[PDB]
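Protein chains in written order, with the numbering used here: chain A, 5 to 515; chain B, 5 to 515; chain C, 100 to 480; chain D, 100 to 480. Idealized CB from N, CA, C, for every residue including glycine. One structure is given below, encoded as structure tokens.
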DNA sequence: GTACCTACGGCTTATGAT
DNA sequence: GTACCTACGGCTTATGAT
DNA sequence: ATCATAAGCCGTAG
DNA sequence: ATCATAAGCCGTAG
């Protein structure tokens with residue numbers, strides 16, 4: 005049986021692949037700034053239980069675990085992504101605190117996956133905080149046997165802090181890193197004023213940030229990129245001339261190279277250009293880098309001002325390179341060029357939703373706990389008749405039935421708010437002194453011990469009851485007015501800013 | 005500081021390496037017939053919890069786990085060892101039930117470690133049975149953070165069933181597989197007669213066994229090997245002539261190749277020999293193997309008897325190959341050539357030790373459980389005074405002190421053997437009606453629930469008490485006389501033989 | 100070139116042997132282990148192959164083995180291996196490399212495609228084994244129909260309707276139509292919420308003539324909001340609103356929902372009422388309300404239970420059917436046994452090939468790699 | 100040969116630069132990352148190298164890079180790299196490859212070893228970091244002495260002996276002698292059980308003159324068996340027996356122990372009594388019994404606890420010392436940082452090299468590979 | 001994503017020398 | 001135990017042609 | 001002297 | 001024409 009098929013099927017195949025790739029592999033999201041690979045790796049590290057204050061663990065365990073349960077797409081890319089996060093000179097804020105040969109700026113690759121030791125950092129727990137409190141949704145795996153969180157309940161806009169650079173079948177994005185303190189300040193300013201202008205946001209955040217300092221010249225490019233989404237910016241290295249107090253000779257000191265520059269390739273290209281006579285004023289070349297900071301020495305040829313040579317280098321050498329700013333991400337699963345204000349608004353909305361869901365979950369939990377404690381205290385009030393009823397009843401099920409069938413006296417020492425002390429699904433036929441039990445309450449009573457009959461357990465129960473009342477009152481209050489919610493958000497953001505504050509690295513010299 | 009060192013250090017270095025290798029890598033033990041790699045792999049599979057009646061699991065998970073926790077010596081050898089066990093044509097009884105491309109007789113290697121799915125078999129649980137009952141010792145890992153069993157509490161002499169073939173710096177061993185039923189019969193015969201002769205053991209076990217059948221000719225070699233430890237034995241393939249009912253022509257059918265023979269290499273060598281004119285009477289060559297059994301067809305040249313050609317092949321072709329029997333293993337960590345009787349005796353002694361230790365552990369556990377149940381029943385006898393004592397005492401520690409300080413009445417309905425109902429460390433100042441409690445007993449009483457006050461819990465407790473009495477009586481009895489121990493061993497071995505019985509594969513034709 | 104990878108068959112006459120192209124190791128291993136030695140040939144592949152248009156250079160060549168072994172690269176002289184078959188994994192990467200190979204052959208040798216020689220295999224996708232009963236399934240729709248059949252293997256419904264024991268093709272067609280409608284609703288869910296769409300199954304009908312009386316509109320929207328509030332067990336609210344945008348009436352209801360922090364309205368328009376989706380919804384709702392399926396009794400095949408919802412009964416039946424089945428999904432050619440691979444992919448009596456056509460000369464390949472077509476084509480909304 | 104692997108230094112004059120030989124990737128990576136660029140040279144190695152005697156063939160060559168880069172393979176003309184250093188892992192495989200390299204050089208170029216040019220490095224073995232206090236330890240004995248020092252950092256014992264506060268070098272030497280005796284007992288444990296050896300610490304002395312009175316022998320063996328039965332908390336028993344093998348007495352006690360299923364005797368002989376091991380045991384037992392260390396009070400450094408056993412007190416002190424320390428063991432050259440590797444292995448002011456000698460011309464290499472020496476040499480009993 | 005090197009013993013198989 | 005091939009877009013850098 | 005053609009790099013994937 | 005020397009393969013390890 006060979007049915008005839010049209011050649012047009014070629015379009016249906018390529019379109020499916022392109023859509024699947026664009027949706028699932030390259031483009032990150034505005035709410036996390038993380039790729040699904042990073043998502044699965046972080047989720048696996050969290051489920052395994054590798055905190056920052058614990059012993060190190062081998063990389064093979066984590067790699068095999070991720071391959072087996074969540075990411076069945078090889079090991080090479082996974083290991084490369086893991087090594088990428090541990091490099092200090094590759095990200096403004098590292099996420100995977102490791103120990104071992106992780107490569108360096110010299111382009112040398114890291115060691116095998118059977119030597120390194122990795123674990124989470126203190127900042128990593130700030131990303132996946134409040135996970136088990138039903139704050140996000142769960143997505144099934146490839147075979148429908150596990151659950152994967154859709155979005156991370158984060159507290160820091162990692163998209164604007166670190167950024168990424170990927171290329172898809174149709175689009176390509178690239179975002180520079182930034183400083184955390186200025187991002188928090190801009191978020192606070194936007195919380196203060198929803199109708200803030202671009203100049204007001206640009207005033208708080210002058211420019212981007214890099215793990216290694218540099219020099220920025222063009223101011224029009226960064227403004228055009230912040231306003232529209234595309235622009236160009238130049239990066240200049242830090243150098244200077246040196247003349248001895250005596251006759252001596254001129255000398256150039258290199259303190260830092262631009263972002264994403266190979267040192268060995270750069271030195272090789274400089275040596276080649278010197279050999280090719282294309283550059284003048286250069287005699288020799290040395291290196292003085294150590295564990296105290298990178299230091300490159302270039303000997304200036306005799307009878308040379310050196311400034312013209314340095315300008316020629318800046319014109320030709322990789323010490324001056326541009327940058328293709330391109331901000332493209334997903335908003336509802338669709339590539340859309342979005343500005344700073346939209347990202348900030350989406351972050352605020354995500355935070356509001358997470359806080360609301362966490363509050364609802366905590367309120368339901370506290371309601372259930374208080375409703376159980378009420379019946380427990382009622383059972384503590386009258387004890388002796390329950391003792392006789394248990395002693396007479398042969399069957400525990402019959403004892404439960406007898407307990408449910410009979411009302412209770414509600415002693416004076418036993419006897420809060422008018423409402424909010426009962427679950428939603430609870431029927432009005434219970435708790436109308438007058439009081440009735442429930443099969444669940446009866447089982448909870450049957451699950452009591454003898455230690456709960458001391459002169460301290462009663463006081464502990466009363467204290468817990470009052471505490472739960474205060475907690476549910478505060479939760480109802482924060483659910484009532486959104487102003488308290490905004491105050492809580494502001495306080496949490498200020499605390500986060502106070503925790504992980506730092507100092508500027510790069511420098512912006514306008515022309 | 006450069007201290008002068010003698011050149012003699014070369015001997016101290018090589019000796020250490022040789023000793024370490026010989027002790028830890030190549031030579032197996034007589035009590036398990038397993039290499040330490042197989043030991044660690046089986047222990048990891050048991051700790052992980054991959055039974056036979058469970059879902060399959062990826063190989064990467066197990067490989068990474070073994071590398072991380074127990075065997076930090078690469079992955080290639082581990083994966084090769086894992087694949088070796090799953091091959092049906094490589095062992096008489098497979099241990100790792102897998103699913104996927106595991107190679108074949110054609111010499112083709114298996115797929116990568118990211119495709120296969122493996123799990124334990126029903127026979128595997130017979131190897132590591134009764135592990136957590138303190139039957140063997142625990143050995144520390146390389147960094148002293150984990151525990152590894154020294155020997156496996158096995159029930160089947162895997163050394164004689166499957167055997168192995170390794171080569172050390174000084175020695176080299178090789179043992180053919182055998183049949184399980186005849187080994188069990190020989191073990192039973194040795195249990196019957198400790199002074200059995202070699203002929204009596206040889207009478208029950210004619211010869212070895214292979215995963216694929218073959219033809220054995222030399223009888224002196226196997227006898228000399230069983231008596232001393234060294235010998236030679238020849239292996240012959242199964243073939244036959246074929247003549248059609250009509251004129252037709254002669255044809256040779258190959259049903260099976262000898263042990264450890266590559267089919268592709270064999271066919272290539274036969275084609276080469278035919279091309280080189282070294283062999284006569286061969287015209288062409290074909291193949292008819294399928295999923296129903298291997299079948300090789302060789303076309304006989306016209307005007308040829310074929311028997312002379314077949315004899316020339318048997319003389320030259322790999323269809324007839326010898327075998328270097330060499331039985332060398334460890335007895336107390338020292339290479340010693342040992343015969344069959346010594347291996348059987350060591351197996352019996354190991355089984356006796358395992359059974360004795362398991363019995364002691366079970367007896368101690370039952371003693372502790374019965375001693376706790378006695379105090380629990382005593383507390384069940386008198387309840388109301390305990391109720392008042394708990395209601396008056398504010399502090400639970402003070403309540404425990406008051407309970408311990410006061411004697412008890414030992415009601416008539418509460419009131420076994422004269423002894424064996426109390427632990428060894430128990431002091432004679434308790435249980436002298438007359439009865440006293442203990443802080444542990446008092447805490448157990450405090451850890452009671454309300455469900456234990458029905459008309460059925462008392463009967464359940466009495467039944468459990470009588471059952472524990474019967475069990476400790478039976479354990480004391482089996483510890484008393486060794487005849488009951490030998491009877492239990494015989495019954496267990498007969499049951500094992502009844503479970504995993506099979507039929508002979510190979511064939512022995514004496515000359 | 101010729102050695103190393105290509106393993107030809109005994110026959111040297113073309114138009115009798117077949118050539119295959121798969122991933123090299125994981126597939127070629129089992130392929131050679133299970134292949135025949137009469138008219139079988141296998142040429143492995145290593146990774147991916149460069150595109151023709153993205154980088155066009157006659158000197159550019161990395162493997163060249165395919166062309167070197169098929170022809171001399173010009174073709175009318177040597178036409179060895181008149182029949183070729185492409186076996187490929189069922190993933191998106193397999194489909195991608197398939198598209199690359201197709202466009203490569205199309206832009207290199209048009210005659211081999213015009214003369215009808217290219218063939219595409221259809222590897223299995225699911226292996227369902229219900230104890231002794233085994234089954235090989237290749238498509239998602241086939242899997243779904245098989246599941247529906249396993250669920251509808253001889254049930255018998257007993258409602259208080261005109262039929263005492265309603266069962267058979269009518270019930271099966273009703274379940275199929277219900278599944279199609281649920282799929283349509285799941286597709287349209289991107290626009291409107293799902294609660295109202297699910298409730299319209301039991302809500303009464305609606306007609307544009309109802310825009311005369313305000314009382315009828317108020318009654319309908321009140322019943323709707325009340326039942327929504329009743330069925331809502333999560334943290335959401337529902338409010339009603341009646342709007343008049345006309346010279347006199349043009350009654351237009353507005354449904355107000357209150358989620359976590361933001362309210363959202365959903366007015367009803369003449370276009371939405373006239374839409375074929377809403378028309379099908381109303382027709383199916385009438386058909387289901389005319390069933391009186393409240394008290395029901397259906398068994399498959401030894402147990403029955405009266406419920407209050409047809410979808411709940413369907414879910415219970417699906418659960419009872421899926422209790423004791425086993426499914427294995429093959430996610431790669433290097434995953435099954437060689438005998439299974441043979442019998443299910445390249446058995447001249449059990450395989451299912453596919454023929455390519457040369458229907459029209461179009462600029463699909465031209466729009467392929469320009470980045471302009473790449474930007475404009477994703478219009479799948 | 101010259102490219103690819105060898106990374107020479109700027110200086111071309113020999114006898115000033117140093118050459119190193121390590122495992123290729125894992126070691127050479129960090130080595131080149133941390134090396135200097137003035138007088139440093141690194142030649143990686145891939146796996147192992149064939150033996151000289153096991154397979155002797157002048158035509159046999161696989162790498163040949165070492166010889167090709169050091170000399171012309173004949174040596175007096177070119178003597179480049181007058182100084183060589185061998186860095187090797189601390190495992191048994193590293194020691195094996197070290198032995199192979201040593202015998203290779205010895206059997207190829209005797210002059211380079213005679214003139215004193217071969218050197219062996221001593222990589223660190225332990226990294227102990229007690230918060231701010233760090234330490235680099237290379238040997239097991241050094242690690243043990245460091246642990247003993249950390250445990251004996253200023254303790255002060257208070258017994259009821261002649262010294263009210265006994266502490267210092269006397270106590271430290273006593274602990275060292277006790278540890279040496281415990282090591283000797285652990286070594287001799289292969290012959291006799293450990294219970295009796297541990298109990299002889301507190302059991303009274305014994306003399307060959309005690310073979311006159313049977314009552315004294317009976318009293319001693321009865322006390323021994325009674326204390327053994329008291330200390331036995333596991334499933335074992337102990338019985339006594341007095342034997343006379345002489346013309347008149349030659350009193351010889353026999354200790355009968357009952358393990359799981361088999362009893363075992365252990366008579367006492369004049370040779371065992373005269374042995375230096377038993378003599379040292381008796382001397383240390385007398386020294387310890389002459390201490391009256393029952394009621395003791397030792398603190399390190401803010402807590403003390405009276406116990407009834409000196410070994411129990413020692414274990415408690417070791418536990419208190421090892422509470423808050425951290426240890427990392429480097430099991431490979433490709434495990435630490437490049438700066439640490441430099442500073443701890445190839446710092447011309449912090450390293451610890453080793454010189455080889457040409458003391459005697461012996462047949463060790465001849466006995467190496469004959470299988471006769473291989474069979475006869477394992478006499479380590 | 002993948003092709004060739006070593007130890008270690010015991011066995012063999014093949015090929016030039018006495 | 002290890003060296004070279006591809007897609008995919010956006011950017012650049014270099015080099016021969018108008 | 002000023003425009004068209006050949007490369008390299010960025011990150012997942014094989 | 002009959003004995004001494006050079007290989008390849010088997011499985012853990014690097």
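Contacts with chain B (Cβ-Cβ distance below 7 Å) from the segment 122-146 of chain C involve 125, 128, 129, 132 and 136, listed in chain order.
Among the CB atoms of chain A, one or more fall inside 8 Å of the CB of residue 64 of chain B. Comparing alpha-carbon positions, the option among A/69, A/27 and A/477 lying closest to residue 46 of chain A turns out to be A/69. Per the C-alpha coordinates, the member of A/71, A/64, A/106 and A/391 positioned closest to residue 41 of chain A is A/71. Taking the CA atoms as reference points, residue 207 of chain A sits about 57 Å from residue 278 of chain C. Near chain C, meaning a CB-to-CB distance below 9 Å, the residues of the segment 353-381 of chain A are 353, 356, 357, 360, 361 and 364. Contact of residue 431 of chain C with chain B by beta-carbon distance below 8 Å involves 119. In the DSSP assignment, residue 204 of chain B falls outside any beta strand (DSSP E) and lies within the alpha helix (DSSP H) extending over 202-208.
In this structure, residue 509 of chain A lies near residue 214 of chain A, with their beta-carbon atoms less than 8 Å apart.
Residues of chain B with a Cβ closer than 7 Å to the Cβ of residue 454 of chain A are, in chain order, 394, 450 and 452. At a cut-off of 8 Å between beta-carbon atoms, residue 71 of chain B makes contact with chain A. Rounded to the nearest angstrom, the Cβ distance from residue 31 of chain B to residue 229 of chain B is 18 Å, too far for a contact under 8 Å.
Considering only beta carbons, the part of the segment 295-307 of chain B lying closer than 9 Å to chain C consists of 295, in chain order. Of the candidates A/23, A/400 and A/123, the residue whose Cα lies closest to the Cα of residue 192 of chain C is A/23. Non-local beta-carbon contacts of residue 164 of chain D in its own chain, meaning distances under 6 Å to residues more than five positions away in sequence, involve 100 in chain order. For the pair of segments examined, the segment 237-256 of chain B was found to touch the segment 324-331 of chain B: the number of CB pairs separated by less than 8 Å reaches three. Only exposed fits residue 427 of chain C, as fewer than 16 other CB atoms lie within 10 angstroms of its CB. In the DSSP assignment, residue 506 of chain A is bridged to no other residue.
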